[PDB]
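Trainee: Questions regarding the structure given below will be posed in turn.
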Amino acid sequence: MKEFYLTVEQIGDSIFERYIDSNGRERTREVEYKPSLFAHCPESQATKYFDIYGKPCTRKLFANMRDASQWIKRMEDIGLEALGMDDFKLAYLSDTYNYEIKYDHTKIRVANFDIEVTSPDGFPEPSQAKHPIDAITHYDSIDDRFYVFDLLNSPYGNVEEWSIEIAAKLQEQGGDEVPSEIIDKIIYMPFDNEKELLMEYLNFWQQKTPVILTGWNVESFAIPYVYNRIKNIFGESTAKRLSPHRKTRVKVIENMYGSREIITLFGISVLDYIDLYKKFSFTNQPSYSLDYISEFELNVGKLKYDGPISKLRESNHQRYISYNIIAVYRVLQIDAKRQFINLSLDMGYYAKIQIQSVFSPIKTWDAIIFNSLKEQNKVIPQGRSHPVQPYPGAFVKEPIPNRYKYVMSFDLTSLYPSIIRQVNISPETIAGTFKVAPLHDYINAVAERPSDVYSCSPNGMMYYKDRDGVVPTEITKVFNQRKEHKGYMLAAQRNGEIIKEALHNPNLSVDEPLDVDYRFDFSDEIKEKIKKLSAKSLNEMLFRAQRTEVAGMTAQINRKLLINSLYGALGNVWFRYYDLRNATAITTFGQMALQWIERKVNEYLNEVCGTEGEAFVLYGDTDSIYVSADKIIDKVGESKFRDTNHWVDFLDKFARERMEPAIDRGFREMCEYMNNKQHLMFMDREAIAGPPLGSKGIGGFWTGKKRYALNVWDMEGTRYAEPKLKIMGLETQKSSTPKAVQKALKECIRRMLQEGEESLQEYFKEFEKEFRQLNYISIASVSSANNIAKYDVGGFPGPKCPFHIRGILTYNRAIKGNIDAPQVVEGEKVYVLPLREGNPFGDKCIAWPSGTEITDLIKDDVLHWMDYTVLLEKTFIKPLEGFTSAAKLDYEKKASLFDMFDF
DNA sequence: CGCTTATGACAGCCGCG
DNA sequence: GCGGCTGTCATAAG
Ligand SMILES: O=[N+]([O-])c1ccc2c(ccn2[C@H]2C[C@H](O)[C@@H](COP(=O)(O)OP(=O)(O)OP(=O)(O)O)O2)c1
Ligand SMILES: [Mg+2]
């Protein structure tokens, strides 16, 4: 196999690398790296090296990296450009591995761990680490074993060993329900003193040193605490044994209240799963506790225990240890579904960066671009400093608030990257400028053609057509990858819908799930072989089909992020290729393209229809058009379709067979007009929306910008057995809405779109008749706790103090004194509830840490003073009234004046 | 060491016989 | 003591 790296670091004058060798063994190196930077030199000098603008450079070899950095600052102390790759880690990798990296994951040691700390006086701060570590579970990627480190004796009590035979039993038999799949993979190790325990962990750590270190919340807790606990007991020197090269950096990002520690272990790449999730899940959550994410992702109930967590070790040591084991396991199960560690590995090696740099789009692209240039012997510019400056972005159409019965939508495929490609926008391909007309002229085809020789954006920039730019080229690679994985995702989605209507009646039979790849459309044979399978066999395939969709979704949506992030970096001041002439060339172009095709669509439909001046496009956001399909149905008359599924097929045909050909013509005209390299504006048909036939439902509605709802029958080719609701921007999609109100409002919209006026009023009445009965958590709002300190003012609301922050302050007053009570942490999410006049807390609202239940200290008082009437009014009634007004419905029953002749 | 556009819940202030 | 507006903040749609 080819050689590949693990972790690279720079410690002084040397580079420390871990890597896999010729055969597959892990090694280490200390390379006194001699780097090469560049300087501009006279044209008269013959050379091999040129920068991106063509101007000639001379290479400078350095004795060491320390002299190399000295030279750079000396070059700016004088005012001359210091060219080349200033991050020597990246250059060193580029030198050593001057080829495309293939890697074997079975060789990479990925470690998942979690620790436990008993603490009778509140949450144990990693800074101090004053309380003892009584348990650690440590999963090893290569051994495939769960290493358990128990502690039997502690100043907070002494306990007998943990039983593997009891942990395996169901919780209904008084066991723990540690899953069977791992019962044979646990390695148990009891310890009689903490020193003995921690001492063993490090020797263990030494023989099995993690390359990739993951786990739940390990950056903020586990790592700092095992580092600091060891520090307090064995001294700072012994702690450094956590780092393969014995170097660690400590970062005290101390809050306005308490301390906060971030340790950096050199030679290890830490990827906290909480961070991976936040970056790659594309889901804003009300809580980020492991129990919450597990329930959400896996449908597995919480790890139940009696009494306070602090005394769980004392009360029930068996459960304690078992729950530590399961906690590590859940992260593994989530990852098995989300593929975030795999995703991180692909990107990190593709760009030749430190794996933990996957979180930075600026770094990832800087490297990709850097390497791409290096192979053509090109020299990269110096990273200048720039002042932060707002610049114009996309165009969003102002829609007339209303209902819309039949709607059809179209969306441009990676609009911003395609603009980059079409127009050939790159730092070194800048040709010149032209004098700009008002954008409407360009939209209306009125303005004079900008150039007949270069590639033009309506912001006044010109580009060469003759060559290829690094940006357009490198962006096309990741885009093609994204296009691939989107095809599988859409396939398994289409596949799933075939399995989903196939359990409208499964055969009573005993068989086995078919052996197929869900990444592809089922062939006519297997399509026919499906409905011949059983419920138990279909529920298995359905689940697998969705597993592959989930995994394909991950792969696609994140490649889409990275390519949109290249445009983003162009508009970021720390990016080497920061250039607002390029950033605005993109957005201005998009503003034009969207409005151009709006005009053009309104034309082809006026003609095809017969009428004149009709606005068919009701809405648009950035690169999307929403088309009023009503008048196109009128031509065929309302009643001429046997069932719902007929007007969907018809419209899908009218779109693909008629509209898209018209669109494709409309854009190449724009292409000619802007004289671009290659026509790359393709509109993919998205949604088909409307009510069921013979139903009083309304189909869809808009309330404003970014806020609308639609009843969708086909999304991007995928035909649904059951119609799904496309809901955007409304409260049902916000993580700040209470969970019960999310569901209730989703039901109101479904009854509005699919069934009609009457159906709505029925659900409204019953819900508010039952609202008082719901679990308080399910009807609490959610907000994030930012800048608590700013409005603190002795524990009372200061000037301009936000509502949720107010709730936080009133919470802190009530719990003051009792140090065991859960503290509210800066930056984290909180539950918020309104309070009734003259309550014991002496303020109008309370807030506590989210994902949790409130402490028995105040729990009953607050539950007892909850303001159900305000809660229902603001979280539920106002939003509904919002939807209703736009839909022009009632949800109630107004002054009938029929009231008199009732009965 | 590292994107803009937009809505809504609130605070605060202002006019209002 | 309520609506209109501006600004801060949380959070969505791209
Ligand atoms: O820096 N960012 O993080 C960033 C920058 C720009 C971004 C986005 C998210 C969207 N855009 C811009 C650039 C996109 O091309 C355009 C429209 O987005 P979209 O949701 O329609 O998806 P596309 O990127 O067009 O691709 P798709 O339509 O095939 O999904 O809106 C994110
Ligand atoms: Mg798009």
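So this one's X-ray crystallography, 2.9 Å, going by the header.
A Cβ is built for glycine as well, from the same backbone N, Cα and C atoms used for every other residue.
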Trainee: According to Swiss-Prot, A:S414, A:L415, A:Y416, A:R482 bind substrate; so which of A:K304, A:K311, A:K337, A:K560 is the extra one listed there?
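Mentor: Only hit among A:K304, A:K311, A:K337, A:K560 in Swiss-Prot's substrate site, alongside A:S414, A:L415, A:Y416, A:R482: A:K560.
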Trainee: Under Swiss-Prot, which of the candidate ranges A:365-371, A:897-903 is annotated region 'Interaction with the polymerase clamp'?
Mentor: A:897-903
Trainee: If Swiss-Prot gives A:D411, A:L412 as binding Mg(2+) 4, which of A:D579, A:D621, A:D623, A:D630 does it give for that site as well?
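Mentor: Among the candidates, Swiss-Prot records only A:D623 at this Mg(2+) 4 site.
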Trainee: For each of the recorded positions (A:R482, A:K560, A:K706), count the other CB atoms lying within 10 A of its CB, then report the residue with the highest count.
Mentor: A:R482
Trainee: Is the region 'Binding of DNA in B-conformation' (A:705-708) packed against any residues at least 6 beyond its ends, judged by a Cβ distance under 8 Å, and which are they?
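Mentor: Distal contacts: 396-399, 619, 621, 727-730.
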Trainee: In whole Å, note down how far the CA of A:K706 (site 'Optimization of metal coordination by the polymerase active site') lies from the CA of A:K560 (substrate binding site).
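Mentor: If we compare the Cα positions of A:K560 (substrate binding site) and A:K706 (site 'Optimization of metal coordination by the polymerase active site'), the gap is 21 Å.
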Trainee: Rounded to a whole number, how many Å is the Cα of A:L415 (substrate binding site) away from the Cα of A:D621 (site 'Optimization of metal coordination by the polymerase active site')?
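Mentor: Here the two Cα atoms lie 12 Å apart.
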Trainee: Which ones, of the recorded positions A:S414, A:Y416, A:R482, A:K706, A:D714, have a Cα no more than 10 Å from the Cα of A:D621 (site 'Optimization of metal coordination by the polymerase active site')?
Mentor: A:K706
Trainee: Which recorded positions, if any, among A:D411, A:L415, A:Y416, A:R482, A:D621 have a Cβ under 6 Å from ligand 1, given in order along the chain?
Mentor: A:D411, A:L415, A:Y416
Trainee: Other residues with Cβ within 8 Å of the Cβ centroid of A:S414, A:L415, A:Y416, A:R482, A:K560 at the substrate site?
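Mentor: So the additional residues around the site are A:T413, A:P417, A:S418, A:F479, A:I563, A:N564.
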Trainee: Taking the Cα atoms as reference points, how far is A:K706 (site 'Optimization of metal coordination by the polymerase active site') from A:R482 (substrate binding site) in Å?
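Mentor: Checking the Cα atoms of A:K706 (site 'Optimization of metal coordination by the polymerase active site') and A:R482 (substrate binding site) gives a distance of 26 Å.
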Trainee: If I take the alpha carbons of A:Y416 (substrate binding site) and A:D623 (Mg(2+) 3 binding site), what is the distance between them in whole Å?
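Mentor: Spelling it out, the Cα of A:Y416 (substrate binding site) and the Cα of A:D623 (Mg(2+) 3 binding site) are 9 Å apart.
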